[PDB]
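Participant: The structure that follows is given in the form of structure tokens.
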Amino acid sequence: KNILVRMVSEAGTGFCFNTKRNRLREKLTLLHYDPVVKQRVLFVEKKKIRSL
Amino acid sequence: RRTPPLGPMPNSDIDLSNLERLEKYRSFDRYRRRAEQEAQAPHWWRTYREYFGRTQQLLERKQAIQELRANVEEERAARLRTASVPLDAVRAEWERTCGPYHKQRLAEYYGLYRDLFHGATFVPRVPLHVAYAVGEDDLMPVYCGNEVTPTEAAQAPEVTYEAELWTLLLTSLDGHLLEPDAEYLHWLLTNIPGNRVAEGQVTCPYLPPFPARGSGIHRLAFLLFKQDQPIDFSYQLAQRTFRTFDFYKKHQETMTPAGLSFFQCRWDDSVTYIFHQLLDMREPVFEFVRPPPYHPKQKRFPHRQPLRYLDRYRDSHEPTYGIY
Amino acid sequence: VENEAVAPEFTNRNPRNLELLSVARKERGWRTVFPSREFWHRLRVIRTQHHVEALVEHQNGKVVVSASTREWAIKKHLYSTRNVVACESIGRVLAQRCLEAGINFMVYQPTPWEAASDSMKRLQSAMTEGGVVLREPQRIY
Amino acid sequence: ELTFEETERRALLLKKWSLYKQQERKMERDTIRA
Amino acid sequence: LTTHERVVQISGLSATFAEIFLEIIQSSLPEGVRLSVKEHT
Amino acid sequence: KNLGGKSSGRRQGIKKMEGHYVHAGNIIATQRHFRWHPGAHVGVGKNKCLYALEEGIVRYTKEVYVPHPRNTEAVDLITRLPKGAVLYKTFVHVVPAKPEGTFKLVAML
RNA sequence: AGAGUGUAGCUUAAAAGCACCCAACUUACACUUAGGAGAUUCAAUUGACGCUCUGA
RNA sequence: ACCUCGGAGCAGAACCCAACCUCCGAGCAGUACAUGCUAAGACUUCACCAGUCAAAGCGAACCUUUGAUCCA
Ligand SMILES: [Mg+2]
Ligand SMILES: [Mg+2]
């Protein structure tokens, strides 16, 4: 199945957004737009929110 | 119930049981061509358009084609996709051959005929040329639909045309400030002897373009008329205003249009100079104002509407306090 | 001053007024049909068996500026009227005529294969280097 | 690599083969219809 | 060595049309090829 | 043994018949599949509903149908037609009513 | 001997559009892209050079 | 056995129409991570709740079904 995970900005901002990734898949690192920084930055998976 | 068609239903002529023996649209482009043809064809049903609507010369041409074919260098250039064309020679030849027809198309598209002659058309037989001398070294031409600034059009232009009398007129089809239909003339030379223009009768002196600021783009027309025999004719807008329609009605017996050349003029500081220095009046400034946005009649209870509903209908953004 | 008698509302009758101000409407529908009608002027190229022709047509369908290799003035300067050279020559002639007509901006609507065609690429290069831009400005709302 | 003269000869070869086989198919079709 | 095989399917012949068709095929065979007018199955 | 089938109707169909005055953004017709195709000044949503892109009068017409070449199935369907055949469809247009603005005198500088 | 007469294969096209072909993608066809060839029978609306038909 | 949602017929042509009615399907996946933010005007499952579509604008770029409140 898929799991909802919290991608946290690697830009130091407190910004986080939730994505969906397969449980068997590797931990996620993704470019995403950081509103506070106003620039695309890396986000790293921190913790699993739930299993869906 | 079924009302029968009011005409030949499409795809009815070719409706046959021999579908396998019927040739098909192997390609998309041929279907596109057929579809465009049908769209152009008139129809008995409601359609989008209803609502949104010598021999020696030929022999010489064949011989020239054969000569170009014979030239092997030409074939090598063609197959290496390196050959080119003389743009000036092509322009001159087109002007002589079929340029008048294209210029008539351009005039019709720009609406000169419908606004100058109420739809009565003609053909600019004479390859007229006008150019406003910019500085001293160069002179910006005035083709059919060119774009020339009033700064460059400040002074009267140099006119050239291979012909033999002539009456040349300049009008601004849309510069009028009071009456929508009238128009202003800038300069009118009459009884031109042959080609030389300095000897023309200057009935109305020259004016530069004066399209008001933010009033869009105005189309200025150089008309040239063949003249059989001279006729005596006749900085104030009241006397520069008139209608080319009835003007040329008064002279069509011995005058016939034979040349045209028009251009688009925008605002420019020379327009301010024109409005102040010699027109001696305050220049008008126009702004393109769109209609206010439509909003449905306000309800007492805007059910399910967001909080912005009230802002859609409030006029003053500043807080108000009523009796307090 | 009677010269200062100006109507409160101006009436510019130039058909290209709003189009050049970039305020005129474009037909924004026809999403399910090809080509789009969301333009003011369109460059349409017809490659027949023998002749190559190009048109600059207004949205209402009026043909504004045409350049056909069929015309003597143009066919009298090139070998084959149905090759890349013919396409580029007609493109350059059309670019010159467009500039002299005041049409600086245009929309080209080729099929995928038409775009991939080297002759169409050469025609587009000819137009762009002649000055005409094959991308109309966005409407200002 | 190749040169310009051989390319031109190749193009003329294609042209003359076009003409030759055009005559060929024309005569074949003439026999057909006849 | 190997011999490459090809098949052409045909349907719809007239009286004279069949004659012209196969005589043209007979006369247009380039070099050492094997024709056939066999049927399906 | 037959379950389900209690879904209610979607209340789809034409919302503005021909001649009806339509403001920009009004939904003209909601359809499940393309019964009516967008014409002039008529947009299409994700769910294939037709809405007016301008303020005007709704008109229905029949026009030749030439699909987007990237529409592979439609292109193949066309490829299988005979030479004379031309597909037709019903299109919805909005004939815009007002001009998109007027030039006003603001200041007599 | 007489009649119909006559634009490259077709055109109530006026020197054009369809047709036609090779090259590449195709098993192949097709599509597409590149290229190719082509005619208003001769003299002043008219006579005579060629084709079809009616006879010997 | 069923209880929610959806597709087809009944219900032929705007909408709407039941059943122990005749059939079928679903409780998500794939994708990306602007699949962002805002906002005219509209639709709406016959109420409400809920559910849809969306111009313009800003910002990156150049998507195709399930469930409220409280409570944690
Ligand atoms: Mg049902
Ligand atoms: Mg409701």
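Ligands are numbered from 1 in the order shown, chains are lettered A, B, ... in the order of the structure tokens, and residues start at 1 in each chain.
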Please determine the contact residues of chain C with respect to chain G at a cut-off of 9 Å, counting only C-alpha atoms (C1' of nucleotides), and supply them as JSON, numbers by chain.
Facilitator: {"C": [48, 49, 70, 82, 83, 113, 114, 116, 117, 118]}
Participant: Output the neighbourhood of ligand 1 as a list in words, that is, all protein and nucleic acid residues with some atom at most 9 Å from the ligand, counting only C-alpha atoms (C1' of nucleotides) and all ligand atoms.
Facilitator: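 Using only C-alpha atoms (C1' of nucleotides) and all ligand atoms, I find these residues within 9 Å of ligand 1: residues 4, 5, 6, 7, 8 and 9 of chain F; 7, 8 and 9 of chain H.
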Participant: For residue 97 of chain F, list every protein, DNA or RNA residue within 10 Å, evaluated using only C-alpha atoms (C1' of nucleotides), and leave out those in the same chain fewer than 5 positions away; present the list as a ChimeraX atom specification.
Facilitator: /F:21-23,54-57
Participant: What are the residues of chain H that have an atom within 9 Å of an atom of chain A, counting only C-alpha atoms (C1' of nucleotides), as a PyMOL selection string?
Facilitator: chain H and resi 33-34+36+60
Participant: With N, CA, C and O atoms (P, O5', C5', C4', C3', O3' and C1' of nucleotides) retained, export the selected residues as a PDB file, in the first residue's frame.
Facilitator:
```pdb
ATOM      1  P     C H  33       7.781  16.286 -10.255  1.00  0.00           P
ATOM      2  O5'   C H  33       6.988  17.022  -9.086  1.00  0.00           O
ATOM      3  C5'   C H  33       6.056  18.061  -9.367  1.00  0.00           C
ATOM      4  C4'   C H  33       5.119  18.287  -8.207  1.00  0.00           C
ATOM      5  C3'   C H  33       5.750  18.965  -6.993  1.00  0.00           C
ATOM      6  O3'   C H  33       4.782  19.776  -6.327  1.00  0.00           O
ATOM      7  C1'   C H  33       4.974  16.823  -6.377  1.00  0.00           C
ATOM      8  P     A H  34       4.207  21.095  -7.040  1.00  0.00           P
ATOM      9  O5'   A H  34       2.931  20.568  -7.834  1.00  0.00           O
ATOM     10  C5'   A H  34       2.605  21.086  -9.117  1.00  0.00           C
ATOM     11  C4'   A H  34       1.721  22.298  -9.006  1.00  0.00           C
ATOM     12  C3'   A H  34       1.374  22.964 -10.331  1.00  0.00           C
ATOM     13  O3'   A H  34       0.061  23.517 -10.267  1.00  0.00           O
ATOM     14  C1'   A H  34       2.555  24.488  -8.965  1.00  0.00           C
ATOM     15  P     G H  36      -0.455  20.520  -5.430  1.00  0.00           P
ATOM     16  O5'   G H  36      -0.455  21.950  -6.129  1.00  0.00           O
ATOM     17  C5'   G H  36      -1.316  22.984  -5.686  1.00  0.00           C
ATOM     18  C4'   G H  36      -0.529  24.164  -5.188  1.00  0.00           C
ATOM     19  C3'   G H  36      -1.344  25.363  -4.746  1.00  0.00           C
ATOM     20  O3'   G H  36      -1.812  25.230  -3.419  1.00  0.00           O
ATOM     21  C1'   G H  36       0.401  26.074  -6.168  1.00  0.00           C
ATOM     22  P     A H  60       8.163  32.738  -9.677  1.00  0.00           P
ATOM     23  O5'   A H  60       8.009  31.171  -9.459  1.00  0.00           O
ATOM     24  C5'   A H  60       8.739  30.256 -10.256  1.00  0.00           C
ATOM     25  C4'   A H  60       8.159  28.869 -10.171  1.00  0.00           C
ATOM     26  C3'   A H  60       8.565  27.913 -11.279  1.00  0.00           C
ATOM     27  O3'   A H  60       9.824  27.309 -11.035  1.00  0.00           O
ATOM     28  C1'   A H  60       6.221  27.811 -10.953  1.00  0.00           C
TER      29        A H  60
END
```
Participant: Of the candidates D:2, D:12, D:19, D:32, which shows the shortest atom-to-atom distance to chain E, using only C-alpha atoms?
Facilitator: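 So, comparing all the options, the nearest one is D:32.
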Participant: Skipping near chain neighbours, those fewer than 2 positions away, what residues fall within 8 Å of residue 45 of chain B using only C-alpha atoms (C1' of nucleotides), listed as a PyMOL selection string?
Facilitator: (chain B and resi 43+47) or (chain F and resi 61-62)
Participant: Leaving out segment 39-43 of chain H and any residue of its chain fewer than 3 positions from it, which residues lie within 7 Å of it when counting only C-alpha atoms (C1' of nucleotides), given as a PyMOL selection string?
Facilitator: (chain F and resi 23-27) or (chain H and resi 52)
Participant: Those selected residues, please, written with N, CA, C and O atoms (P, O5', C5', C4', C3', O3' and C1' of nucleotides) and delivered as a PDB file, in the first residue's frame.
Facilitator:
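What ended up in part-v1.pdb:
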```
ATOM      1  N   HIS F  23     -23.602  35.660 -19.224  1.00  0.00           N
ATOM      2  CA  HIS F  23     -22.464  36.402 -18.714  1.00  0.00           C
ATOM      3  C   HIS F  23     -21.235  35.511 -18.666  1.00  0.00           C
ATOM      4  O   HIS F  23     -21.328  34.285 -18.633  1.00  0.00           O
ATOM      5  N   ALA F  24     -20.072  36.147 -18.653  1.00  0.00           N
ATOM      6  CA  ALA F  24     -18.826  35.402 -18.641  1.00  0.00           C
ATOM      7  C   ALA F  24     -18.784  34.479 -17.437  1.00  0.00           C
ATOM      8  O   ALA F  24     -19.108  34.882 -16.319  1.00  0.00           O
ATOM      9  N   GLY F  25     -18.389  33.234 -17.669  1.00  0.00           N
ATOM     10  CA  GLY F  25     -18.273  32.255 -16.624  1.00  0.00           C
ATOM     11  C   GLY F  25     -19.496  31.393 -16.420  1.00  0.00           C
ATOM     12  O   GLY F  25     -19.394  30.341 -15.785  1.00  0.00           O
ATOM     13  N   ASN F  26     -20.647  31.794 -16.945  1.00  0.00           N
ATOM     14  CA  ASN F  26     -21.839  30.976 -16.802  1.00  0.00           C
ATOM     15  C   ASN F  26     -21.641  29.637 -17.484  1.00  0.00           C
ATOM     16  O   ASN F  26     -21.122  29.559 -18.596  1.00  0.00           O
ATOM     17  N   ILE F  27     -22.062  28.578 -16.813  1.00  0.00           N
ATOM     18  CA  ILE F  27     -22.032  27.249 -17.404  1.00  0.00           C
ATOM     19  C   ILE F  27     -23.156  27.155 -18.422  1.00  0.00           C
ATOM     20  O   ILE F  27     -24.316  27.437 -18.110  1.00  0.00           O
TER      21      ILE F  27
ATOM     22  P     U H  52     -15.594  17.602  -5.181  1.00  0.00           P
ATOM     23  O5'   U H  52     -15.976  17.773  -6.706  1.00  0.00           O
ATOM     24  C5'   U H  52     -16.295  19.053  -7.192  1.00  0.00           C
ATOM     25  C4'   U H  52     -17.052  19.003  -8.488  1.00  0.00           C
ATOM     26  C3'   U H  52     -16.542  19.982  -9.530  1.00  0.00           C
ATOM     27  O3'   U H  52     -15.537  19.411 -10.339  1.00  0.00           O
ATOM     28  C1'   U H  52     -18.819  20.374  -9.166  1.00  0.00           C
TER      29        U H  52
END
```
Participant: Please identify all residues of chain F having at least one atom at most 12 Å from any atom of chain G, considering only C-alpha atoms (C1' of nucleotides), and return them as a PyMOL selection string.
Facilitator: chain F and resi 75-76+79-80
Participant: How about saving the chosen residues, C-alpha atoms kept, as a PDB file, in the first residue's frame?
Facilitator:
```pdb
ATOM      1  CA  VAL F  75      -7.347  10.814 -36.271  1.00  0.00           C
ATOM      2  CA  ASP F  76      -7.572   7.093 -37.029  1.00  0.00           C
ATOM      3  CA  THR F  79      -8.287   8.073 -41.626  1.00  0.00           C
ATOM      4  CA  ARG F  80     -10.909   5.385 -42.148  1.00  0.00           C
TER       5      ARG F  80
END
```
Participant: Pick out the residues sitting within 8 Å of segment 19-25 of chain G, and hand them over as a PyMOL selection string; count only C-alpha atoms (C1' of nucleotides), and ignore anything fewer than 2 positions along from it in its own chain.
Facilitator: (chain D and resi 14+17-18+21-22) or (chain G and resi 9-10+34-36)
Participant: Using only C-alpha atoms (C1' of nucleotides) and all ligand atoms, what are the residues with an atom within 9 Å of ligand 2, set out as a PyMOL selection string?
Facilitator: chain H and resi 44-47
Participant: Could you turn the residues from that selection into a file that holds N, CA, C and O atoms (P, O5', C5', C4', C3', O3' and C1' of nucleotides), as a PDB file, in the first residue's frame?
Facilitator:
```pdb
ATOM      1  P     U H  44     -28.511  23.399 -12.076  1.00  0.00           P
ATOM      2  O5'   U H  44     -28.163  22.378 -10.911  1.00  0.00           O
ATOM      3  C5'   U H  44     -27.571  21.122 -11.198  1.00  0.00           C
ATOM      4  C4'   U H  44     -26.964  20.505  -9.967  1.00  0.00           C
ATOM      5  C3'   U H  44     -27.824  20.510  -8.720  1.00  0.00           C
ATOM      6  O3'   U H  44     -28.825  19.514  -8.710  1.00  0.00           O
ATOM      7  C1'   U H  44     -25.679  21.249  -8.157  1.00  0.00           C
ATOM      8  P     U H  45     -30.217  19.803  -7.969  1.00  0.00           P
ATOM      9  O5'   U H  45     -30.658  18.377  -7.433  1.00  0.00           O
ATOM     10  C5'   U H  45     -29.871  17.679  -6.478  1.00  0.00           C
ATOM     11  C4'   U H  45     -30.016  16.191  -6.637  1.00  0.00           C
ATOM     12  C3'   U H  45     -29.559  15.360  -5.447  1.00  0.00           C
ATOM     13  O3'   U H  45     -30.350  14.177  -5.373  1.00  0.00           O
ATOM     14  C1'   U H  45     -28.286  14.778  -7.331  1.00  0.00           C
ATOM     15  P     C H  46     -31.324  13.910  -4.127  1.00  0.00           P
ATOM     16  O5'   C H  46     -32.736  14.446  -4.619  1.00  0.00           O
ATOM     17  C5'   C H  46     -33.362  15.553  -3.984  1.00  0.00           C
ATOM     18  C4'   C H  46     -33.182  16.817  -4.777  1.00  0.00           C
ATOM     19  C3'   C H  46     -33.644  18.091  -4.081  1.00  0.00           C
ATOM     20  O3'   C H  46     -32.787  19.170  -4.441  1.00  0.00           O
ATOM     21  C1'   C H  46     -34.828  17.830  -6.099  1.00  0.00           C
ATOM     22  P     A H  47     -31.600  19.615  -3.461  1.00  0.00           P
ATOM     23  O5'   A H  47     -32.361  20.113  -2.164  1.00  0.00           O
ATOM     24  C5'   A H  47     -33.261  21.203  -2.216  1.00  0.00           C
ATOM     25  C4'   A H  47     -33.582  21.688  -0.833  1.00  0.00           C
ATOM     26  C3'   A H  47     -32.387  22.061   0.020  1.00  0.00           C
ATOM     27  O3'   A H  47     -31.936  23.373  -0.234  1.00  0.00           O
ATOM     28  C1'   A H  47     -33.852  20.687   1.262  1.00  0.00           C
TER      29        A H  47
END
```
Participant: Could you pull the residues within 12 Å of residue 72 of chain B, counting only C-alpha atoms (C1' of nucleotides), minus those fewer than 5 positions along the same chain, as a short mmCIF file (atom, residue, chain, number, x, y, z; two decimals) with N, CA, C and O atoms, in the first residue's frame?
Facilitator:
```
data_model
loop_
_atom_site.label_atom_id
_atom_site.label_comp_id
_atom_site.auth_asym_id
_atom_site.auth_seq_id
_atom_site.Cartn_x
_atom_site.Cartn_y
_atom_site.Cartn_z
N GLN B 66 12.54 27.54 -68.78
CA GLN B 66 13.43 26.56 -69.38
C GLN B 66 14.89 26.99 -69.25
O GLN B 66 15.77 26.15 -69.05
N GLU B 67 15.16 28.29 -69.38
CA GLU B 67 16.53 28.78 -69.23
C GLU B 67 17.03 28.57 -67.80
O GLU B 67 18.18 28.15 -67.59
N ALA B 77 22.37 24.74 -56.58
CA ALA B 77 21.99 25.58 -55.45
C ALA B 77 20.65 25.14 -54.87
O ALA B 77 20.47 25.09 -53.65
N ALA B 78 19.70 24.80 -55.74
CA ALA B 78 18.38 24.38 -55.27
C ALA B 78 18.48 23.10 -54.46
O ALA B 78 17.88 22.99 -53.38
N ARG B 79 19.23 22.12 -54.96
CA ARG B 79 19.31 20.84 -54.27
C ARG B 79 20.23 20.89 -53.06
O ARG B 79 20.16 20.00 -52.21
N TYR C 79 14.40 27.94 -59.23
CA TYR C 79 14.34 26.78 -60.11
C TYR C 79 13.06 25.98 -59.87
O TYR C 79 12.21 25.87 -60.76
N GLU D 8 26.66 15.66 -56.44
CA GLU D 8 25.93 16.18 -57.59
C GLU D 8 25.64 15.08 -58.60
O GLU D 8 24.54 15.02 -59.17
N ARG D 9 26.62 14.21 -58.85
CA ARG D 9 26.39 13.09 -59.76
C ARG D 9 25.31 12.16 -59.22
O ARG D 9 24.50 11.63 -59.98
N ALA D 11 22.78 13.07 -57.29
CA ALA D 11 21.50 13.75 -57.48
C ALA D 11 21.03 13.65 -58.92
O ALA D 11 19.85 13.39 -59.19
N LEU D 12 21.95 13.86 -59.87
CA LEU D 12 21.58 13.71 -61.28
C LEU D 12 21.21 12.27 -61.60
O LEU D 12 20.33 12.02 -62.43
#
```
Participant: Mind pulling up the distance from atom CA of residue 186 of chain B to atom CA of residue 207 of chain B?
Facilitator: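 Interatomic distance here is 4.5 Å.
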Participant: Report, in Å with one decimal, the straight-line distance from atom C1' of residue 55 of chain H to atom CA of residue 141 of chain C.
Facilitator: 9.8 Å
Participant: Closest to chain B among C:34, C:53, C:19, C:74, using only C-alpha atoms?
Facilitator: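 Checking each of C:34, C:53, C:19, C:74 against chain B, counting only C-alpha atoms, the winner is C:74.
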Participant: For chain B, list the residues within 7 Å of chain F, counting only C-alpha atoms, and write the list as a ChimeraX atom specification.
Facilitator: /B:11,14,22-28,32,35,39,46-48,215,282-291
Participant: Residues of the last selection are to be written out with N, CA, C and O atoms, as a short mmCIF file (atom, residue, chain, number, x, y, z; two decimals), in the first residue's frame.
Facilitator:
```
data_model
loop_
_atom_site.label_atom_id
_atom_site.label_comp_id
_atom_site.auth_asym_id
_atom_site.auth_seq_id
_atom_site.Cartn_x
_atom_site.Cartn_y
_atom_site.Cartn_z
N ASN B 11 -22.51 14.10 -46.43
CA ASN B 11 -22.13 12.70 -46.51
C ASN B 11 -23.23 11.83 -47.09
O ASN B 11 -23.26 10.62 -46.87
N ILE B 14 -22.06 10.41 -51.24
CA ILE B 14 -21.12 9.30 -51.32
C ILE B 14 -21.62 8.11 -50.52
O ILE B 14 -20.91 7.11 -50.38
N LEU B 22 -14.59 1.90 -51.86
CA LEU B 22 -14.43 3.34 -51.83
C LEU B 22 -13.07 3.71 -51.26
O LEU B 22 -12.66 3.20 -50.21
N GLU B 23 -12.36 4.60 -51.96
CA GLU B 23 -11.10 5.11 -51.46
C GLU B 23 -11.33 5.95 -50.21
O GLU B 23 -12.32 6.67 -50.10
N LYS B 24 -10.40 5.85 -49.26
CA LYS B 24 -10.55 6.47 -47.96
C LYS B 24 -9.52 7.58 -47.77
O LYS B 24 -8.59 7.75 -48.56
N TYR B 25 -9.71 8.34 -46.70
CA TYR B 25 -8.74 9.36 -46.30
C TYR B 25 -7.52 8.65 -45.73
O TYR B 25 -7.47 8.35 -44.54
N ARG B 26 -6.52 8.39 -46.56
CA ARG B 26 -5.32 7.78 -46.02
C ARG B 26 -4.58 8.73 -45.10
O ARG B 26 -3.81 8.27 -44.25
N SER B 27 -4.81 10.03 -45.21
CA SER B 27 -4.04 11.03 -44.49
C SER B 27 -4.96 12.02 -43.79
O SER B 27 -6.11 12.21 -44.17
N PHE B 28 -4.41 12.66 -42.76
CA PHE B 28 -5.14 13.68 -42.01
C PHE B 28 -5.24 15.00 -42.77
O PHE B 28 -6.25 15.69 -42.66
N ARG B 32 -8.37 17.41 -43.68
CA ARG B 32 -8.43 18.80 -43.26
C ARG B 32 -8.81 19.71 -44.41
O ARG B 32 -9.62 20.63 -44.25
N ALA B 35 -12.47 19.30 -45.10
CA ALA B 35 -13.27 19.92 -44.05
C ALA B 35 -13.29 21.43 -44.20
O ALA B 35 -14.33 22.06 -44.02
N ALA B 39 -16.53 23.74 -44.81
CA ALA B 39 -16.80 24.88 -43.95
C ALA B 39 -17.02 26.14 -44.77
O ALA B 39 -17.92 26.93 -44.47
N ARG B 46 -27.87 26.38 -39.38
CA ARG B 46 -27.17 27.43 -38.68
C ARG B 46 -25.69 27.10 -38.61
O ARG B 46 -25.30 25.98 -38.27
N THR B 47 -24.85 28.08 -38.94
CA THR B 47 -23.41 27.87 -39.00
C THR B 47 -22.71 29.03 -38.34
O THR B 47 -23.28 30.11 -38.14
N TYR B 48 -21.44 28.81 -37.98
CA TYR B 48 -20.68 29.83 -37.27
C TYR B 48 -20.59 31.11 -38.08
O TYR B 48 -20.62 32.21 -37.51
N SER B 215 -5.49 57.25 -27.43
CA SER B 215 -6.64 57.12 -28.30
C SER B 215 -6.43 56.05 -29.36
O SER B 215 -7.08 56.08 -30.41
N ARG B 282 -5.62 72.93 -25.79
CA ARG B 282 -5.20 71.89 -24.88
C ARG B 282 -5.32 70.53 -25.56
O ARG B 282 -6.31 70.24 -26.23
N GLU B 283 -4.30 69.70 -25.41
CA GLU B 283 -4.37 68.41 -26.06
C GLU B 283 -5.30 67.48 -25.28
O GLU B 283 -5.22 67.42 -24.05
N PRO B 284 -6.18 66.74 -25.95
CA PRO B 284 -7.03 65.79 -25.24
C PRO B 284 -6.29 64.48 -24.99
O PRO B 284 -5.51 64.02 -25.82
N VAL B 285 -6.55 63.89 -23.83
CA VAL B 285 -5.97 62.61 -23.45
C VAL B 285 -7.12 61.62 -23.28
O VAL B 285 -8.08 61.90 -22.55
N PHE B 286 -7.01 60.49 -23.95
CA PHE B 286 -8.04 59.46 -23.92
C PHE B 286 -7.51 58.21 -23.24
O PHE B 286 -6.33 57.87 -23.37
N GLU B 287 -8.39 57.53 -22.52
CA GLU B 287 -8.05 56.30 -21.83
C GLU B 287 -9.05 55.23 -22.21
O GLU B 287 -10.25 55.49 -22.31
N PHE B 288 -8.55 54.01 -22.42
CA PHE B 288 -9.41 52.88 -22.74
C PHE B 288 -10.05 52.38 -21.46
O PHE B 288 -9.38 51.76 -20.62
N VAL B 289 -11.34 52.63 -21.30
CA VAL B 289 -12.08 52.29 -20.09
C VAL B 289 -12.97 51.11 -20.39
O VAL B 289 -13.84 51.18 -21.27
N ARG B 290 -12.76 50.01 -19.68
CA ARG B 290 -13.58 48.83 -19.85
C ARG B 290 -14.87 48.94 -19.04
O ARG B 290 -14.91 49.65 -18.04
N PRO B 291 -15.93 48.25 -19.45
CA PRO B 291 -17.18 48.33 -18.71
C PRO B 291 -17.01 47.75 -17.32
O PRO B 291 -16.17 46.85 -17.10
#
```
Participant: Residues of chain C within 12 Å of chain H, counting only C-alpha atoms (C1' of nucleotides) - could you list those as an MDAnalysis selection string?
Facilitator: chainID C and resid 28:29 139:141
Participant: Can I get the selection written as a PDB file, in the first residue's frame, with N, CA and C atoms?
Facilitator:
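Writing done, so here's out_6.pdb:
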```
ATOM      1  N   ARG C  28     -11.575  32.318 -27.977  1.00  0.00           N
ATOM      2  CA  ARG C  28     -10.861  31.491 -27.018  1.00  0.00           C
ATOM      3  C   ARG C  28     -11.426  30.088 -26.884  1.00  0.00           C
ATOM      4  N   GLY C  29     -12.436  29.729 -27.653  1.00  0.00           N
ATOM      5  CA  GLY C  29     -13.030  28.412 -27.574  1.00  0.00           C
ATOM      6  C   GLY C  29     -12.390  27.426 -28.523  1.00  0.00           C
ATOM      7  N   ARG C 139      -3.647  38.751 -24.889  1.00  0.00           N
ATOM      8  CA  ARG C 139      -4.656  39.778 -24.700  1.00  0.00           C
ATOM      9  C   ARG C 139      -4.506  40.411 -23.325  1.00  0.00           C
ATOM     10  N   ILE C 140      -4.796  41.703 -23.252  1.00  0.00           N
ATOM     11  CA  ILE C 140      -4.799  42.440 -21.997  1.00  0.00           C
ATOM     12  C   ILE C 140      -6.244  42.586 -21.550  1.00  0.00           C
ATOM     13  N   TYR C 141      -6.570  41.997 -20.408  1.00  0.00           N
ATOM     14  CA  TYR C 141      -7.940  41.977 -19.927  1.00  0.00           C
ATOM     15  C   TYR C 141      -8.194  43.127 -18.965  1.00  0.00           C
TER      16      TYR C 141
END
```
Participant: Produce a table with one row for each residue of chain C that has an atom at most 9 Å from any atom of chain F, each row naming the nearest atom pair and its distance in Å at one decimal; use only C-alpha atoms; arrange rows by chain and rising residue number; format as a Markdown table.
Facilitator:
```
| residue | atom | partner | partner_atom | distance |
| --- | --- | --- | --- | --- |
| C:4 | CA | F:108 | CA | 8.4 |
| C:6 | CA | F:105 | CA | 8.2 |
| C:7 | CA | F:105 | CA | 7.7 |
| C:8 | CA | F:105 | CA | 5.2 |
| C:9 | CA | F:104 | CA | 4.5 |
| C:10 | CA | F:103 | CA | 5.2 |
| C:11 | CA | F:103 | CA | 7.1 |
| C:12 | CA | F:103 | CA | 8.2 |
| C:18 | CA | F:100 | CA | 9.0 |
| C:23 | CA | F:100 | CA | 7.6 |
| C:24 | CA | F:100 | CA | 7.0 |
| C:25 | CA | F:100 | CA | 7.4 |
| C:26 | CA | F:41 | CA | 8.1 |
| C:27 | CA | F:40 | CA | 5.3 |
| C:28 | CA | F:41 | CA | 5.1 |
| C:29 | CA | F:40 | CA | 4.7 |
| C:30 | CA | F:39 | CA | 4.9 |
| C:31 | CA | F:38 | CA | 6.5 |
| C:32 | CA | F:67 | CA | 6.3 |
| C:33 | CA | F:67 | CA | 4.6 |
| C:34 | CA | F:68 | CA | 4.8 |
| C:35 | CA | F:68 | CA | 7.2 |
| C:37 | CA | F:40 | CA | 8.0 |
| C:111 | CA | F:69 | CA | 6.8 |
| C:112 | CA | F:69 | CA | 7.6 |
| C:141 | CA | F:100 | CA | 8.7 |
```
